[PDB]
Amino acid sequence: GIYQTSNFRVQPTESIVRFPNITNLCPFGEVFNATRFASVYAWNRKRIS
Amino acid sequence: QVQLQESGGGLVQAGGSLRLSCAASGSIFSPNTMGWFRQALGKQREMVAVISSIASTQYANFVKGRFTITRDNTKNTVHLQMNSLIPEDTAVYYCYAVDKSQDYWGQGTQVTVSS
Numbered sequence: 134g135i136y137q138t139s140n141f142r143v144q145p146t147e148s149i150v151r152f153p154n155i156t157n158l159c160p161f162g163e164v165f166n167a168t169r170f171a172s173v174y175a176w177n178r179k180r181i182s
Numbered sequence: 152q153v154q155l156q157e158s159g160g161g162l163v164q165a166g167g168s169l170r171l172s173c174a175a176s177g178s179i180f181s182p183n184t185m186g187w188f189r190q191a192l193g194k195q196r197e198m199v200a201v202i203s204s205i206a207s208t209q210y211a212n213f214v215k216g217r218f219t220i221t222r223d224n225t226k227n228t229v230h231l232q233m234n235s236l237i238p239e240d241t242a243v244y245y246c247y248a249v250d251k252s253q254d255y256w257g258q259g260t261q262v263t264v265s266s
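Protein chains in written order, with our numbering: chain E, 134 to 182; chain Z, 152 to 266.
Structure representation (structure tokens):
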């Protein structure tokens, strides 16, 4: 006769991940590589969003 | 890039008169406050005078009744009529834009008075 013993599942061998990246990144260069920095009496807060 | 143009100093005999000028460029948002400061070689920044957008003028006791600040609203510039000169006024002066964000300084104007 013929019998159902087990079922094979062909498990995956690797992981693929693909995501979107915006061309503009951030003005950290305008902050860390800035030519001039503010006095400790008038601190420079720049908003990043 | 906020820039302050300072001009009008030099060598003047005792009793003469000069007219310094700072023009402000860049952002310089409307509620601004600008002063002039003094520094002689070996001393600190001495607050000479200050003017705000309110048109009020504040002067120190060092130069009582001698130096004046004049405002130009059209170009938003300032001129300091510096008269009745005395050797104790021998110091390089600098510009101070309070504004609302960081305060930008000038490059300097040499003022010498001696005989």
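All C-beta atoms, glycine included, are put in the ideal place defined by N, C-alpha and C.
Identified DSSP bridge partners for residue i
i	result
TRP256(Z)	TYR247(Z)
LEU158(E)	Answer is none; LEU158(E) lacks a bridge partner.
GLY160(Z)	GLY160(Z) is not bridged to any residue.
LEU171(Z)	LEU231(Z)
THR263(Z)	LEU162(Z)
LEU155(Z)	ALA175(Z)
Nearest to residue i (by Cα), restricted to the options the options
i	options	result
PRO182(Z)	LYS194(Z), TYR244(Z), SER265(Z), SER252(Z)	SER252(Z)
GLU197(Z)	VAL264(Z), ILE179(Z), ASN212(Z)	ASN212(Z)
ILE237(Z)	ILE202(Z), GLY167(Z), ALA206(Z), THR184(Z)	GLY167(Z)
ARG222(Z)	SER203(Z), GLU239(Z), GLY193(Z)	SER203(Z)
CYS159(E)	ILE135(E), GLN144(E), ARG180(E), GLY134(E)	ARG180(E)
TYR210(Z)	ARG189(Z), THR225(Z), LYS226(Z)	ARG189(Z)
Residue j beta carbon less than 7 angstroms from that of residue i
i	j	result
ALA200(Z)	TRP187(Z)	yes
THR228(Z)	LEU171(Z)	no
>> Report the start-end ranges of each beta strand (DSSP E) in the segment 181 to 226 of chain Z that is 3 residues or longer and not cut off at the edges.
In response: 184 to 190, 197 to 203, 208 to 210, 218 to 223
> Okay, do the segment 244 to 263 of chain Z and the segment 154 to 172 of chain Z touch, 3+ Cβ pairs below 8 angstroms being the bar?
Replying inline: yes
> Should the segment 217 to 237 of chain Z be regarded as contacting the segment 150 to 164 of chain E, the criterion being three or more beta carbon pairs within less than 8 angstroms?
Replying inline: no
>> Between the segment 166 to 175 of chain E and the segment 216 to 228 of chain Z, can you find at least three pairs of beta-carbon atoms closer than 8 angstroms?
In response: no
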